[PDB]
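**Student:** sequence unavailable; structure follows:
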Ligand SMILES: [Zn+2]
Ligand SMILES: [Zn+2]
Ligand SMILES: [Zn+2]
């Protein structure tokens, strides 16, 4: 993909591929609340990194128009305000307030850098994507069981991670404090680059942590012991040794000198820890420190946060921010995600059904199913 | 001496309505039902704490009076919009307000000011120039609507003064269709001669009551006058309450043969009662068990229902109070009575006269006229009269005693649904 | 200190008697004010004409109530001192705006506190028990807490009953919580 | 309910939401104001001297409440006239002090603090039944799980509540609350969440109640400070309210 080719393709996509009808269905939420779509904030990033916010639109036609006119490189969705953002200058000071917004989570592979060995920075590979695969299951289950949020849209971020939009009416009316509470409840791996032991579970395992460890276990052997090989050599297993009390460290080292496979080393570590009881949760702390999602509480706490819009185009990879089907999560491949160049090649190879002829169709289908569920909830209620 | 030797006893000094025989007879209150007019507002029947008026409360009461009357008049006249009195007006505008005098003296055509309400004018005043008004009749405290112009922003020039709109009369129910005509004898104090405390005129009136057997006897105060020469100079050897108790016992016991419903109205000149208007009813006398159903201690003012006939009454000398302040372009008493009826208050004068203490919350609650009364008893120091003002029979029976000489009372016949001729006949007669 | 004292003219001699306390004199020479006339040559006891004292008290109470309800207002500005009976609806934050100068507030000439204090003073000049406890000294209290004054005590109680009755009808002993909390 | 009583005072504790509408005497006004000032000053002194959970604090506060005759204990008898009187006292005195303690932010804060303390103490003296009654009368709608559902989530509940024993847990009943009200509990993960509801045992609840109370009270004080000009004109009540904070007791 040639990023100099981005300015050539962006218009066509925004003209014949961007799913505006479903997009308006989403952000309009069945028209129940008046001025809901009209008070939504958008922000655009144009060529040469020119940023504009407090953009609002009257209806789908105005949005389609101004978007096709601007051809933005980035589209971010923001809060629904007390008035129309376009007229925020006209609103008396203090009377312009963000009132409702989806509850959103951003999980970014870059935040896992201190604990992955295959890639670094913005590089991803099939060996590390399983971490995202774990996160979506660990988090989404909580959101479906502990909090009872029923309408959850998971979206690929385009490069390094995934976003989650929780769109239940209750989740859209949550205050800042309630959002911060939700984020802290879901958050376990606490600490920066200056801390080595980032998980310190108490004697009692809270049911949520038990279910997160249960989800982790299913994948741990493949991710950590086979793929990541977190015990390949001394430079790496020294870390895991650094994560357990010194008392057994020596006892482990000799054992790790006689083990040929990291699965064997894990068995040995588990046996040694079991023999050594307050430390019976130490293996769980290691698993969490290598598998549990990291959440930027600043992303989810603030109501006025602008997050990458679904079906955006990644300025560098060119991939489309496509929704991820929860059931088919295990089959999701971030490298097969349609790029803008591929879908423009597909478009120029054959009115409201043009996208069905591209590789974008199944993802718009997943989005349509999610919107159908939202409509059913709006009606039934 | 002078009173006892009078020669014009029983003379009919004024007459109105159907001619009747030289002798009047009543039903002795047999088929008679006397009550207080059942309107939306509760009546004043017990003492209310007074002597504590906040200037803000007076402001609110006066403002709401102006606002309410103006709202009724605006609905009646289909007026579009009221304009602030104080603002300048180059073209003709309609303004609602109340009249007043720019100084403490008596109102004259060159001292008229219009004060607006809080809703439309923020309470601002404006001088009024009555040069372009051809016909007018204004008294202080009168709520008016005027069309005029204010070119200088400093002097309002009315060009039209909207007329008053009296309340509708009462539509009686059929419950009293078959009741006979009722006889009412009304008298007002003072009841004793200026130089005596024996109540000779009261005794003569009680004899008349027992002779004629009226259905209702309306006695208006004062019963122990504060201006009585004996009272002011402290020559009385008994307490005021004792004299008043003796007077009330005389009235009630002496009327036993007549079986006549007595309606006692207090006066601001009653030295023994609370000096506040609206005046609560008397409460220092407990009638015997045989007179409880006959005696009605009512408040000043009172709206009474007698077999469906609505009688308004007040002891206050309204005509004397307003005659001293009313200014007209060109019958004066008829004009004042129409003013009272159209303002829909038993005391529309503001500021009041120097001889009346007004509690303005009680005034707001208990001086609105529910309807236009069929008969309106307005005793006055002015001459007795029986006038027909906008279909209401206004009776001034004078006062039973005029200084050293005897005075007058009134007798009238009322029947609901007669002919609107609810007052069959009325007569001011000498004692 | 700003309240008018009770003036009663002796029926016999006609000399004014000013009453400002229940008791007059010092030591064993102290007696209730209404026991002896202020004129030494006069032997009349005002306690004999207690009906007249009652009537004069009622007349004075009527006079003060009339003064209060006259509603006289004076401008607080020294250079205006406008005196009016009419309360204007135009108000500043401090109260009615004087319509003569349009720049100062109208204050009541006889406010509610003045009338309340006058009635309280008339009660004070007839409060036997309060005078005995507070005003009177020890030896004087002993001399006054015997017989030979029981009739005077009863008459003083009756006279205080009048002022108590009047004060019971004043809104300045009741607090309307509806007006405070809204 | 002797002569002029009613259902106006159901429970001892109240949020002081509805102002009184009665006509009281000046003597009653002053007595109630001073008495509640004494109570609040005692609360402040005991809070400074002792730890609010201490038994000395509870004993001294009960002694003060008994001495000044304020409602502090429930009574499973009925609304006895005397009890009614006490409750009426409390209700009127509170609002009087509001009028006294709304002029200055400092004063406001002080008032709020003392009131909260008193409320906490009184809540601490409420039996579970009474507690639920209160939580219902004010439409707080904080529940109660069934026994069958409790057995259904037995292990989850056991691992949720810190330091809860198997049998002791069997002896306890939980309540279902929307998680938006248990922020302080959920945030450190000390209460189980299932389908948007937290399962809260029968110590922390007072905190939530107090939060609500504080919100309301602050709002009320603001409104009172906004309605001050109407009261300053009443000389009778000016010496008291303007100087209550500096009144010797
Ligand atoms: Zn990788
Ligand atoms: Zn003498
Ligand atoms: Zn002035």
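**Tutor:** In hand now; what should we look at? Numbers count the residues shown, from 1 in each chain, chains lettered A, B, ... in the order given. Ligands and ions are numbered 1, 2, ... in the order given.
**Student:** only C-alpha atoms for contact and neighbour calcs from this point on.
**Tutor:** OK.
**Student:** can you name the residues that contact residue 15?
**Tutor:** Since no chain was named, I'll use chain A. Residues in contact with residue A:15, defined by C-alpha atoms under 8 Å, 6 or more residues apart in numbering or on different chains, are residue A:68.
**Student:** meant chain D actually
**Tutor:** Residues near residue D:15 by C-alpha under 8 Å, 6+ apart: D:213, D:216.
**Student:** so it, which of the three states?
**Tutor:** Three-state call for residue D:15 (DSSP: H, G, I helix; E, B strand; the rest coil): coil.
**Student:** okay, domains of chain D per the record?
**Tutor:** What automatic domain parsing lists as the domains of chain D is D:26-138+D:205-246, D:147-200.
**Student:** would a markdown table of these with distance to residue B:429 be doable?
**Tutor:** Shown next, in a markdown table, are the domains of chain D (distance: least, C-alpha to C-alpha, whole Å):
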| stretch | distance to residue B:429 |
| --- | --- |
| domain D:26-138+D:205-246 | 53 |
| domain D:147-200 | 84 |
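**Student:** so can I have CSV of those showing mean neighbour count and distance to residue A:381?
**Tutor:** Shown next, in CSV, are those (neighbours: other C-alpha atoms under 10 Å in any protein chain shown; distance: least, C-alpha to C-alpha, whole Å):
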stretch, mean neighbour count, distance to residue A:381
domain D:26-138+D:205-246, 16, 27
domain D:147-200, 17, 17
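**Student:** which one of these lies nearest to ligand 2?
**Tutor:** Relative to ligand 2, the nearest member of the domains of chain D by C-alpha to the ion is domain D:26-138+D:205-246, separated by 40.2 Å.
**Student:** just confirm yes or no for that closest one near chain A.
**Tutor:** No. Applying C-alpha under 8 Å from any C-alpha of the partner chain, one finds domain D:26-138+D:205-246 separated from chain A by no less than 13.7 Å.
**Student:** measure that domain end to end?
**Tutor:** In domain D:26-138+D:205-246, first residue to last residue: 20 Å (C-alpha to C-alpha, to the nearest Å).
**Student:** and the contacts of stretch A:228-235?
**Tutor:** Taking C-alpha under 8 Å, 6+ apart as the rule, stretch A:228-235 contacts A:116, A:117, A:118, A:127, A:128, A:224, A:225, A:236, A:237, A:261, A:262, A:265.
**Student:** give me the number of residues near the residue in the stretch 1-150 of chain B that chain D sits nearest to?
**Tutor:** Closest contact between the stretch 1-150 of chain B and chain D, by C-alpha to the nearest C-alpha, is at residue B:54 (8.3 Å). Other residues near residue B:54 number 14, with proximity taken as other C-alpha atoms under 10 Å in any protein chain shown.
**Student:** could you do residue B:410 as well?
**Tutor:** By other C-alpha under 10 Å, 30 other residues sit near residue B:410.
**Student:** in the sheet, who's paired with it?
**Tutor:** Per DSSP bridges, the residues bridged to residue B:410 are residue B:186, residue B:428.
**Student:** that one and residue B:431 touch, don't they?
**Tutor:** No. Judged on C-alpha atoms under 8 Å, residue B:410 makes no contact with residue B:431 at a distance of 9.7 Å.
**Student:** hmm, back to that, reformat the contacts of stretch A:228-235 as JSON lines; add secondary structure, neighbour count and distance to residue D:165.
**Tutor:** Putting the contacts of stretch A:228-235 into JSON lines (DSSP: H, G, I helix; E, B strand; the rest coil; neighbours: other C-alpha atoms under 10 Å in any protein chain shown; distance: C-alpha to C-alpha, whole Å) gives the following:
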{"residue": "A:116", "secondary structure": "coil", "neighbour count": "20", "distance to residue D:165": "41"}
{"residue": "A:117", "secondary structure": "coil", "neighbour count": "15", "distance to residue D:165": "44"}
{"residue": "A:118", "secondary structure": "coil", "neighbour count": "15", "distance to residue D:165": "46"}
{"residue": "A:127", "secondary structure": "coil", "neighbour count": "17", "distance to residue D:165": "44"}
{"residue": "A:128", "secondary structure": "coil", "neighbour count": "20", "distance to residue D:165": "42"}
{"residue": "A:224", "secondary structure": "helix", "neighbour count": "23", "distance to residue D:165": "37"}
{"residue": "A:225", "secondary structure": "helix", "neighbour count": "19", "distance to residue D:165": "38"}
{"residue": "A:236", "secondary structure": "helix", "neighbour count": "14", "distance to residue D:165": "42"}
{"residue": "A:237", "secondary structure": "helix", "neighbour count": "18", "distance to residue D:165": "39"}
{"residue": "A:261", "secondary structure": "coil", "neighbour count": "15", "distance to residue D:165": "43"}
{"residue": "A:262", "secondary structure": "helix", "neighbour count": "21", "distance to residue D:165": "40"}
{"residue": "A:265", "secondary structure": "helix", "neighbour count": "22", "distance to residue D:165": "37"}
